[PDB]
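Colleague: My sequence and its experimental structure, below.
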Amino acid sequence: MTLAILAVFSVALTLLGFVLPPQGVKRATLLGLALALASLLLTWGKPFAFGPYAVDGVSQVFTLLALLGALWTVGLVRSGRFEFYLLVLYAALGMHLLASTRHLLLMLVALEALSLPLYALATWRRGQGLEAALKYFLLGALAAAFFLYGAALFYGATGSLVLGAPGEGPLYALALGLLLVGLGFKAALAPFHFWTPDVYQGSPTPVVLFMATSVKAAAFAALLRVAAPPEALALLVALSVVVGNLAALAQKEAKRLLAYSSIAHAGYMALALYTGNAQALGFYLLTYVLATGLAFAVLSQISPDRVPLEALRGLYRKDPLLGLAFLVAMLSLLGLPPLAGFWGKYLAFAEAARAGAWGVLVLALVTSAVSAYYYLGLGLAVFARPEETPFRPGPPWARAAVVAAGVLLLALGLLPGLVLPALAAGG
Amino acid sequence: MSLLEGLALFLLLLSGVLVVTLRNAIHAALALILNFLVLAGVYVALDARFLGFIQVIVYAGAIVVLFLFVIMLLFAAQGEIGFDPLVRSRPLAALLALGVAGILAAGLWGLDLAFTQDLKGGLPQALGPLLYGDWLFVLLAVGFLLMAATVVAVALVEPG
Amino acid sequence: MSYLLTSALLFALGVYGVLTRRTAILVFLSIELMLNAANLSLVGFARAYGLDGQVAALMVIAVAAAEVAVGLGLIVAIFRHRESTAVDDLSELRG
Amino acid sequence: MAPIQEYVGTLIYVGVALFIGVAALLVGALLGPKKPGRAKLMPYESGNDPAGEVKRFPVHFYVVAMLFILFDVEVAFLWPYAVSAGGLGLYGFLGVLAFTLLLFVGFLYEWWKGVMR
Amino acid sequence: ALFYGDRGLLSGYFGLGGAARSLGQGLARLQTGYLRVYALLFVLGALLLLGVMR
């Protein structure tokens, strides 16, 4: 299975990690994920239950993404305890599990399984990174109580604990509202967004990569199984897209800027949920993951700590290839055609318009033009006079990754009709 | 019912008020222990006996000791340390508390249904077949969570 | 039926908690009262639809406990070195 | 179900015990003369306190406690199997063993790393 | 006079640019780094959501 590889390696590796050197556990854990990835490809499109666990179109697509993000972040860091890989491994499993279920209790258990190791991973003991950690834990723990309270009223309105069964008068309406809250917070749909600015700033860069890919994937995965009211969606989107994009102009610390960006993209993605899709989000998130993954690899290559805006400038001198990569990324998140980011937007928007919600879709688009201020605010800054600051160039390892991502990105820009055919929602 | 019922629910709620109002961590936490007893009683009354006993054993016997150990470990002589711009925000907080009950209250006059099924008293005999029956997966999920918790917890506290 | 209303009240109280307190550990304590509010609700309905709401509840307990352990653990490791647990005396990350 | 008859009865037992307890305490409390001092009032021999009010204690106590909570949840679950265990067959045994090995894996990790700091 | 007029116009659009910057840091001011503030906004927000939903 996919589950099989993760669980086995995780448990076995747990005790094992004493013997091996920390580099060797990085080697081990890399292998493990990759095997998990292997098993994913070769079993694609055969939906397989074995319990409440149920692999389907959604699962396959998003756990491809979740595993992707996890491979990357584990790459970059050199630790002082084998544990700062071990906990990540766990976290990957947690996100795998989150997508591949539809039963509320699995969903709860999964929510802690993914959230817990994240709190601990917020610590390379940097003083900010404890403040960060705490905020996240308390806000997270608050949402734990909410999502759990949500489930309890849901069981009231319907015999099932699984998601699916008719739905009723008020109580069913009520129950579904509190569930969007929990899930909402994890994907950073406003107005639950509040942690996303502080934690992204506070946490050490590679970790933030992991959050900005994997948690968004995972979160959306489970969100999709919720048959969210068309009113709820409309609220969320408005708040996300307005507050996100406007406030982001004020910021001037690179990671925190990207944090605000990562509210906005959640806002656009949540449009797709209207009629529901798994092809739309499949594609979208593919373009988003790549772009953010690329981008944060680059920020790491700058420095491990809070990156002032200026630090980006001169990236093209330092290395040409890497400098260009980051450019392509930034244009992609703005969605300037023919880049893949445009297609990701377009597909989502198409589901909104089918559903007939007009106003939302207009608002979204207007402020999506706003977004160009800060995106170019990075992307062009690249070419100017070189700064005198800390930098390093990294191995061929990292070069290959980053540049792979950037070619792969624009490749899907021109040929979206490759992937889209087989991001099937049924197999 | 409502003769006895009143007593238990009054007690429960009253105890609830105490644990969120009072000063000083120890008195607070201790109130929550009286809470979980009452709640345990209420479980027993609702034909969930097994769950009742676990309520006492885990939540009130394991968990709160851990709480107490933390508030002893690091002291706590004020439930109201410092003074800071948060003062007016006490009434908006108390407002919202009412609100969150209000909307939920509304909802519950919105589906009102029969309370009328059997349960066998909830004895662990009759929970067993389900638990390791088709809930066995959920269970193993639980089991994974605990293990993750242990390892995480260590990595936070001890350097190592 | 009484019980299911009561449950919402205990949820409400916990919220009043979560917003008021100035010691961090007591915030977390408040969260736990909300969580038991949940288990009551779930259990009340377990009497309606018969016997799965029990097994449900037990799973919740285990998750709650897990999140307690890790969470207090975190609280400990952060403020063992800090000598005041004042929550709003952590403020450098800000917009 | 199971008869409610004895649970009420439990509460009875508790009511008895508490009464006899408190009664004794009031007997004790009222009798024996009073006369405060200057060093009965100010705590034990050498220093203000005989730990002299040192700040913070080892994390050991946290570790032991933390261990105990998670594993008490372990115990909780193994009771449902324990009572009715012949009903569930071989598939039963495989389930239990599975669960146990996960928590024992926990055990061996925190053991090799240190209960002691 | 019309030339000068156009300069003026150009600055009037730039003006709107200035509004957006301003607004943005107004909304940024909603952050405070106070945890209890973040909690208040939270509960408000989620309650608001449930309100809208009906």
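Modeller: Cool, the structure landed. Residues are numbered from 1 along each chain as shown, chains lettered A, B, ... in the order given.
Colleague: Only C-alpha atoms from now on, for both contacts and neighbour counts.
Modeller: OK.
Colleague: and chain B, which residues reach chain A?
Modeller: B:104, B:107-108, B:110-111, B:134, B:137-138, B:141-142, B:145, B:148-149, B:151-152, B:155-156, B:160 (CA under 8 Å from any CA of the partner chain).
Colleague: Go again with 6 Å.
Modeller: Chain B comes close to chain A at residues B:107, B:110, B:145, as judged by CA under 6 Å from any CA of the partner chain.
Colleague: Just the closest of the residues you listed to residue D:47, please.
Modeller: Nearest to residue D:47 out of those is residue B:145 (CA to CA; 47.1 Å).
Colleague: who's in contact with that closest one?
Modeller: By CA atoms under 6 Å, 6 or more residues apart in numbering or on different chains, residue B:145 lies in contact with residue A:113.
Colleague: max-length helix in chain C?
Modeller: With DSSP state H applied, the helix covering the greatest number of residues in chain C is identified as helix C:52-79.
Colleague: quick one: that helix near chain B?
Modeller: Yes - counting by CA under 6 Å from any CA, chain B has neighbours in helix C:52-79: C:66, C:70, C:77.
Colleague: Please, which helix or strand holds the closest residue to residue A:100 other than its chain neighbours?
Modeller: Counting by CA to CA, 6 or more residues apart in numbering or on different chains, residue A:59 is the residue found nearest to residue A:100 once chain neighbours are left out, at 5.1 Å. If you go by DSSP states H and E, residue A:59 is part of helix A:57-76.
Colleague: Does anything pack onto that helix? Which helices or strands?
Modeller: On a contact count with 3 or more CA pairs under 6 Å, 6 or more residues apart in numbering or on different chains; DSSP states H and E, helix A:57-76 meets helix A:205-210.
Colleague: how distant is the helix it packs on from the center of its chain?
Modeller: 11 Å (CA atoms, centre = their mean, to the nearest Å).
Colleague: What separation is there between the residue nearest the centre of chain C and chain A?
Modeller: When CA atoms, centre = their mean is applied to chain C, the residue found nearest the centroid is residue C:31 (2.2 Å). Using CA to the nearest CA, to the nearest Å, we find residue C:31 at a distance of 7 Å from chain A.
Colleague: Let's have the residues of helix C:52-79 next to chain B in a markdown table, adding neighbour count.
Modeller: Output for the residues of helix C:52-79 next to chain B, formatted as a markdown table (neighbours: other CA atoms under 10 Å in any protein chain shown):
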| residue | neighbour count |
| --- | --- |
| C:66 | 28 |
| C:70 | 26 |
| C:77 | 18 |
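Colleague: Out of those residues, which is nearest to residue B:62?
Modeller: For those, the residue nearest residue B:62 by CA to CA is residue C:66; the value is 11.8 Å.
Colleague: any idea how far that closest one is from residue A:327?
Modeller: Distance, residue C:66 to residue A:327, by CA to CA, to the nearest Å: 43 Å.
Colleague: List the buried residues of the one helix or strand residue D:78 maps to.
Modeller: Take DSSP H and E as the rule and residue D:78 turns out to sit in helix D:60-83. For helix D:60-83, a neighbour-count test (16 or more other CA atoms under 10 Å in any protein chain shown) marks D:62-63, D:65-74, D:76-77, D:80-81 as buried.
Colleague: ok, now which ones touch residue A:255?
Modeller: By CA under 6 Å, 6+ apart, the contact set of residue A:255 is residue A:201.
Colleague: helix/strand/coil for it?
Modeller: Classification of residue A:255 by DSSP: H, G, I helix; E, B strand; the rest coil places it in helix.
Colleague: Quick check, the residue in chain E closest to chain C?
Modeller: Proximity to chain C, evaluated over chain E using CA to the nearest CA, is greatest for residue E:33 at 4.4 Å.
Colleague: Can you name the residues that contact the closest residue to that residue other than its chain neighbours?
Modeller: With sequence-adjacent residues excluded and distances taken as CA to CA, 6+ apart, residue E:33 is closest to residue C:94, at 4.4 Å. Residue C:94 sits next to E:31-33 when contact means CA under 6 Å, 6+ apart.
Colleague: Could you measure from residue A:297 over to residue A:313?
Modeller: Distance from residue A:297 to residue A:313, counting by CA to CA: 16 Å.
Colleague: now residue D:10
Modeller: Per CA to CA, residue D:10 is found 75 Å from residue A:313.
Colleague: quick one, which of these two is more surrounded?
Modeller: Comparing residue D:10 with residue A:313 by other CA atoms under 10 Å in any protein chain shown, the one with more neighbours is residue A:313, at 22 against 12.
Colleague: For residue A:301, see how far away the more buried one is.
Modeller: Remark: distance between residue A:313 and residue A:301 (CA to CA) = 13 Å.
Colleague: And residue A:316, by the same measure?
Modeller: Taking CA to CA, one finds residue A:316 at 13 Å from residue A:301.
Colleague: Repeat that for residue D:2.
Modeller: According to CA to CA, residue D:2 and residue A:301 sit 67 Å apart.
Colleague: What is the neighbour count of whatever residue of the stretch 301-427 of chain A ends up closest to chain D?
Modeller: Nearest to chain D in the stretch 301-427 of chain A, going by CA to the nearest CA, is residue A:304, at a distance of 29.1 Å. Look at residue A:304: counted by other CA under 10 Å, it has 14 neighbours.
Colleague: Please name the spatially closest residue to it (chain neighbours excluded).
Modeller: Residue A:304 sits nearest to residue A:205 (CA to CA, 6+ apart), 6.0 Å away.
Colleague: ok, back up a step: neighbour count winner among residue D:2 and residue A:301?
Modeller: Neighbours were counted for residue D:2 and for residue A:301 using other CA under 10 Å; residue A:301 has more, 18 against 12.
Colleague: Those residues of chain E touching chain C, which are they?
Modeller: Residues of chain E lying close to chain C (CA under 6 Å from any CA) are E:28, E:31-34.
Colleague: hang on, the earlier thing: ok, now how distant is the residue nearest to residue A:304 from residue A:271?
Modeller: For residue A:205, the distance to residue A:271 - CA to CA - is 29 Å.
Colleague: Show me which of these two is the more surrounded one.
Modeller: Applying other CA under 10 Å to residue A:205 and residue A:271 shows that residue A:271 carries more neighbours, namely 31 against 25.
Colleague: which SS state does the more buried one fall under?
Modeller: helix.
Colleague: Also residue E:31?
Modeller: Here residue E:31 is recorded as coil under three-state DSSP.
Colleague: Double-check it against residue C:92; I have them as touching.
Modeller: No - the pair residue E:31 / residue C:92 is not scored as a contact, 11.3 Å apart, by CA atoms under 6 Å.
Colleague: Pick out whichever of those two has more residues nearby.
Modeller: Shown here are residue E:31 and residue C:92; by other CA under 10 Å, residue E:31 has more neighbours (18 against 15).
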